[PDB]
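Heads up: the structure comes next, in structure tokens.
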Amino acid sequence: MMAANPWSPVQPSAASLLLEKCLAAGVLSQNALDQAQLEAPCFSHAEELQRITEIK
Amino acid sequence: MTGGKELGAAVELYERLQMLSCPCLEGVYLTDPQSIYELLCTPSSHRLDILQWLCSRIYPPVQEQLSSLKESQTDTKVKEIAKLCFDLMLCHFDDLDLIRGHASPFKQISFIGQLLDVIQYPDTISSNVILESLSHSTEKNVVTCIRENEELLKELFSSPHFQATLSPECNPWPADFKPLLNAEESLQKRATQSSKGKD
Amino acid sequence: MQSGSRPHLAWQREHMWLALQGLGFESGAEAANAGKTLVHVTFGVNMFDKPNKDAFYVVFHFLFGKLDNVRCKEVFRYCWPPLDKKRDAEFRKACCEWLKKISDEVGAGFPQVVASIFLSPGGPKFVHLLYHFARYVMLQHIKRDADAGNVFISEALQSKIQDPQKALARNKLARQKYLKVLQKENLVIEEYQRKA
Amino acid sequence: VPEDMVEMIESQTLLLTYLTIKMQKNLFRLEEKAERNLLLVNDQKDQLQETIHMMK
Numbered sequence: 001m002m003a004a005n006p007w008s009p010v011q012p013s014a015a016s017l018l019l020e021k022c023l024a025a026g027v028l029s030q031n032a033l034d035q036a037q038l039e040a041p042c043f044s045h046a047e048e049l050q051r052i053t054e055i056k
Numbered sequence: 001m002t003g004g005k006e007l008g009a010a011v012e013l014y015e016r017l018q019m020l021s022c023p024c025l026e027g028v029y030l031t032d033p034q035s036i037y038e039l040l041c042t043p044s045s046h047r048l049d050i051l052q053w054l055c056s057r058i059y060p061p062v063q064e065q066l067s068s069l070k071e072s073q074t075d076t077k078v079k080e081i082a083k084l085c086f087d088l089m090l091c092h093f094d095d096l097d098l099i100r101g102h103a104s105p106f107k108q109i110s111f112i113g114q115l116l117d118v119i120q121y122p123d124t125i126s127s128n129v130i131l132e133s134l135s136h137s138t139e140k141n142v143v144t145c146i147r148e149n150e151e152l153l154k155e156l157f158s159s160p161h162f163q164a165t166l167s168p169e170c171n172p173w174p175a176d177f178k179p180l181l182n183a184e185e186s187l188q189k190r191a192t193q194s195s196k197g198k199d
Numbered sequence: 001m002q003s004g005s006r007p008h009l010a011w012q013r014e015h016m017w018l019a020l021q022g023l024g025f026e027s028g029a030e031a032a033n034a035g036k037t038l039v040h041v042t043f044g045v046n047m048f049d050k051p052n053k054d055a056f057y058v059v060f061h062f063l064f065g066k067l068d069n070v071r072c073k074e075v076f077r078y079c080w081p082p083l084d085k086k087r088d089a090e091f092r093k094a095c096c097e098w099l100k101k102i103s104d105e106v107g108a109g110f111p112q113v114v115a116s117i118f119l120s121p122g123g124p125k126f127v128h129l130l131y132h133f134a135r136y137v138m139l140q141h142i143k144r145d146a147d148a149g150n151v152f153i154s155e156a157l158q159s160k161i162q163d164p165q166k167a168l169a170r171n172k173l174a175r176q177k178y179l180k181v182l183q184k185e186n187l188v189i190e191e192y193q194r195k196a
Numbered sequence: 155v156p157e158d159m160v161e162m163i164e165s166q167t168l169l170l171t172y173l174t175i176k177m178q179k180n181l182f183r184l185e186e187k188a189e190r191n192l193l194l195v196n197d198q199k200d201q202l203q204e205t206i207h208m209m210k
């Protein structure tokens, strides 16, 4: 029972805990999840502002 | 001007198609992302051959229905494909522009991407089994899928985290940042306007 | 000759329950809304195997609520919660009138609604009616929640596919789409926490 | 295929599709709120950085 290291800055999301449960029950395979991986960029506008601040 | 992202997505799709040994790509080696894009997202007789192939792979009985149609009846072919795709929940039954390749590049990429998802659907566990018999009856595959789906749904709904995934909430900010985050509509406008590209 | 209990109604009971949960049905919260304590009302897959009056009140009010919350409050104002013999008779009459309208609107795909089915809510005919009611509520939700470009999805699901191979393919696609959104949700939350 | 099997698969498809649409709508609302919050904080960072530089 992978005891969530309380000190990890990133708390596990409900989605993650659900996915983990599905994988542990053998109903979902990691291969099936990998094939479904969406590389969609998250927060693009915030990233651009960070770069401008550094150059300044 | 097909932005750098659409060209990359088209390339990915093109790679997936190559992996699936699509006969329509035999003797066609495109290294230029624009050529790959023009092949997959611009109206051409080749594109239609690819889509026909994708659809024959997903639903094989459609192949007999399409092969009986003469080359002069291209409009009827497009309507039959649109009807299948509607039955698969991918597009509206009158979305003929998507099938012809006149729809927005993203929409096309997403559309072809979804078709490919279905074909590459990891057939679970048992399948080491090689060559044998073509003949297996449509009835055994349906029973298996139902069973598997039932197990997934049972697991999904038995989980305490299931409700939280339907309405995800996340607040990572401490108390001292609350005043900044609740701040007046005017600061929000200043922060959003500063991100526009010319800077 | 002699007339063998059609195996046909067992899976409908299960999927009905999944549908209620998917719509946000919480046994403790909804029972409390009907003034009933959980110690006396049995919710689940088998809740209508025996006539169960209490569950009937709660689930139907919930589904009507999920369908049209404004109309639900107006139609049941004076009979919810059903505490006396007079209110009970009015609640049943109201449920039957509303569902009859739904049944007339949807036509040949929705079971015939007779008043006798509500006198003793329980049994296969009743479960069959509740399942199709739950399914209807979900389809309305998909139509409402689906963006102007995905409204076709609700139409496609209403068009009965008789070919098993086509139904399988469609299901595979749906399964995949769900897994993708579930993964995306994880990614967005993780990235947000990190950046913050 | 017994008319009964095709009806079950369709019911499963309906459940998954419903879950999917419901999740996607609620996720998009979070992403938008998150990006807004990041931009606001980033702007505060940028003002402090400019003031420090001028003093130096």
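Residue numbers (PDB author numbering), protein chains in the order written: chain E, 1 to 56; chain G, 1 to 199; chain F, 1 to 196; chain H, 155 to 210.
For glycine and all other residues, C-beta sits at the position ideal for the given N, C-alpha and C.
9 angstroms Cβ cut-off: residues of chain G touching E/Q35
Counting from 1 along the first sequence, the entry for residue 35 of chain E is found at position 35. Within chain G, the residues near E/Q35 are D117, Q120, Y121 and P122.
For chain F, find out if any of its Cβ atoms is closer than 8 angstroms to the Cβ of E/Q11; answer yes or no.
In the first sequence, residue 11 of chain E corresponds to position 11, counting from 1. Interface residue, yes.
Please list the residues of the segment 183 to 194 of chain H that have a C-beta atom closer than 7 angstroms to any C-beta atom in chain G, keeping them in chain order.
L184, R190, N191, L193 and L194
Hey, is E/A24's beta-carbon within less than 8 angstroms of any beta-carbon in chain F?
Counting from one through the first sequence, the residue named residue 24 of chain E turns up at place 24. Cβ-Cβ to chain F under 8 angstroms: no for E/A24.
If you reduce the DSSP assignment to three classes, tell me which class F/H40 lands in.
Position 40 of the third sequence holds residue 40 of chain F. Coil.
Hey, quick one: how far does the alpha helix (DSSP H) through G/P105 stretch, first residue to last?
For this step, residue 105 of chain G is matched to residue 105 along the second sequence. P105 to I119 is the extent of the alpha helix (DSSP H) around G/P105.
What do you reckon, is the C-beta of F/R71 under 7 angstroms from a heavy atom of the ligand HEM?
This structure lacks the ligand HEM, and indeed carries no ligand of any kind.
Can you give the Cα-Cα distance for F/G122 and F/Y178, rounded to whole angstroms?
As a working note, residue 122 of chain F is residue 122 in the third sequence. As a working note, residue 178 of chain F is residue 178 in the third sequence. Each residue's Cα considered, the two are about 34 angstroms apart.
Does E/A4 get closer than 8 angstroms to chain F when you measure Cβ to Cβ?
For this step, residue 4 of chain E is matched to residue 4 along the first sequence. Not closer than 8 angstroms to any Cβ of chain F, the Cβ of E/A4 fails to qualify, so no.
CA-CA distance, E/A15 and F/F91?
Your numbering for residue 15 of chain E matches position 15 in the first sequence. Your numbering for residue 91 of chain F matches position 91 in the third sequence. The alpha-carbon atoms of E/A15 and F/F91 are separated by roughly 40 angstroms.
List the residues of chain E that H/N196 touches, going by C-beta distances under 7 angstroms, in chain order.
As a working note, residue 196 of chain H is residue 42 in the fourth sequence. Those within 7 angstroms of H/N196 in chain E are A46, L49 and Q50.
I need the boundaries of the alpha helix (DSSP H) containing F/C95, first residue and last residue.
Taking the third sequence and counting its residues from 1, the one referred to as residue 95 of chain F is at position 95. That run of the alpha helix (DSSP H) goes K85 to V106.
Could you check what DSSP says for F/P164 in three-state terms: helix, strand or coil?
Along the third sequence, one-based indexing puts residue 164 of chain F at 164. Helix, per DSSP.
In whole angstroms, what is the alpha-carbon distance linking F/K125 and G/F162?
If you number the third sequence from 1, residue 125 of chain F lands on position 125. If you number the second sequence from 1, residue 162 of chain G lands on position 162. Roughly 31 angstroms separates the two Cα atoms.
Go ahead and label F/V59 buried or exposed: buried means 16 or more other beta carbons lie within 10 angstroms of its beta carbon, across all protein chains shown.
Along the third sequence, one-based indexing puts residue 59 of chain F at 59. Buried, since its Cβ has 16 or more Cβ neighbours within 10 Å.
Is it true that the segment 11 to 19 of chain G meets the segment 27 to 40 of chain G, where meeting means three or more beta-carbon pairs spaced less than 8 angstroms apart?
yes
DSSP on G/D123, reduced to helix/strand/coil?
Within the second sequence, the letter at position 123 stands for residue 123 of chain G. Looking at G/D123 - three-state DSSP - the assignment turns out to be coil, as it is neither helix nor strand.
How about G/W173: is its C-beta nearer than 8 angstroms to some C-beta of chain F?
Locating residue 173 of chain G in the second sequence gives position 173, where the first residue counts as 1. At least one chain F Cβ lies under 8 angstroms of G/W173.
Would you list, in chain order, the members of the segment 140 to 159 of chain F that have their beta-carbon closer than 7 angstroms to a beta-carbon of chain H?
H141, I142, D145, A146, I153 and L157
What are the boundary residues of the alpha helix (DSSP H) that includes G/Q65?
Counted from its first residue, the second sequence places residue 65 of chain G at position 65. First-last of the alpha helix (DSSP H) with G/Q65: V62 to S67.
Mind pulling the chain E residues with CB within less than 7 angstroms of G/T165?
Translated into positions along the second sequence, residue 165 of chain G becomes position 165. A14, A15 and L18, listed in chain order.
Among F/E185, F/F118, F/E30 and F/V70, which residue has its Cα nearest to the Cα of F/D88?
Here residue 88 of chain F corresponds to residue number 88 of the third sequence, with the count starting at 1. Nearest C-alpha to F/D88: F/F118.
Do F/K184 and E/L38 come within 8 angstroms of each other at the CB atom, strictly closer than that value?
For the purposes of this step, residue 38 of chain E is taken as residue 38 along the first sequence, with counting starting at 1. For the purposes of this step, residue 184 of chain F is taken as residue 184 along the third sequence, with counting starting at 1. For E/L38 and F/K184, yes; Cβs fall inside 8 angstroms.
Quick check: the Cα distance between G/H92 and E/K56, rounded to an integer number of angstroms?
Start at 1 with the first residue of the second sequence, and residue 92 of chain G comes out as number 92. Start at 1 with the first residue of the first sequence, and residue 56 of chain E comes out as number 56. About 49 angstroms.
Taking the alpha-carbon of G/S110 as reference, which of G/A9, G/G3, G/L152 and G/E132 has the nearest alpha-carbon?
Counted from its first residue, the second sequence places residue 110 of chain G at position 110. Cα-wise, what sits closest to G/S110 is G/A9.
Return the CA-CA distance between H/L184 and H/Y172, expressed in angstroms with no decimal places.
For the purposes of this step, residue 184 of chain H is taken as residue 30 along the fourth sequence, with counting starting at 1. For the purposes of this step, residue 172 of chain H is taken as residue 18 along the fourth sequence, with counting starting at 1. The alpha-carbon atoms of H/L184 and H/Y172 are separated by roughly 19 angstroms.
Reduced DSSP secondary structure (H/G/I, E/B, other) of G/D199
For the purposes of this step, residue 199 of chain G is identified with residue 199 of the second sequence, where counting begins at 1. Looking at G/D199 - three-state DSSP - the assignment turns out to be coil, as it is neither helix nor strand.
Under 8 angstroms between C-beta atoms of F/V137 and F/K143
Translated into positions along the third sequence, residue 137 of chain F becomes position 137. Translated into positions along the third sequence, residue 143 of chain F becomes position 143. Against a cut-off of 8 angstroms, the Cβ pair of F/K143 and F/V137 comes out as no contact.
With a cut-off of 8 angstroms on the beta carbons, I'd call H/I163 and G/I58 a contact; round off their distance for me.
In the fourth sequence, the residue the question calls residue 163 of chain H occupies position 9. In the second sequence, the residue the question calls residue 58 of chain G occupies position 58. No, H/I163 and G/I58 are not in contact; Cβ-Cβ is about 15 angstroms, not under 8 angstroms.
With DSSP as the reference, label F/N46 as helix, strand or coil.
Against the third sequence, residue 46 of chain F aligns to sequence position 46. If DSSP states are grouped into helix, strand and coil, F/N46 belongs with coil.
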